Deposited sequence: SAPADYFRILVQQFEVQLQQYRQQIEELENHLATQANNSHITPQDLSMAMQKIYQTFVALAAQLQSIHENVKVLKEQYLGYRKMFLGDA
C-alpha cells in the first residue's frame, strides 16, 4: 500500500538524516569554548547517547508498525474463519 511504502521511505530517510546530523552536531561541538568542569568530550558523549535514543525510538516505531500489520492479518484470518472459509 502507499502508506506502507511511504513509511518505509521515511524510515530510510530518517536513518540518513541521523547520520548526517550526527556529524553536523559533532563539528559544532568541538568548536565549543568551555571551562566549570565540562569538556567538549563530555558533551560529545552525552550527544552520542541522545543519538542512540533516536535510533532506538525509530526501530521501536517500525516494530509497532509491523505488529499492526500482524494485527490486521489476524483480523482477516478471524473474519475468514467466522465466514466459514
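Quiz item: Could you list, start to end, the deposited-sequence stretches with no C-alpha atoms?
Solution: Missing from the model are residues 36 to 38, 89.
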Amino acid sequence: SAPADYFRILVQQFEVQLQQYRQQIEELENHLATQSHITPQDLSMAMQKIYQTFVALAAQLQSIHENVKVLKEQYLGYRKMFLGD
From here on, numbers count along this sequence of modelled residues.
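Exercise. Identify the stretch, either 45 to 53 or 24 to 32, whose C-alpha atoms have the larger mean B-factor according to the entry.
Key: In the deposited entry, the stretch with the higher C-alpha B-factor mean is 24 to 32.
Practice problem: Take the C-alpha B-factors listed in the entry for 72 to 80 and for 10 to 18, compute each mean, and give the stretch with the larger one. | Solution: That would be 10 to 18.
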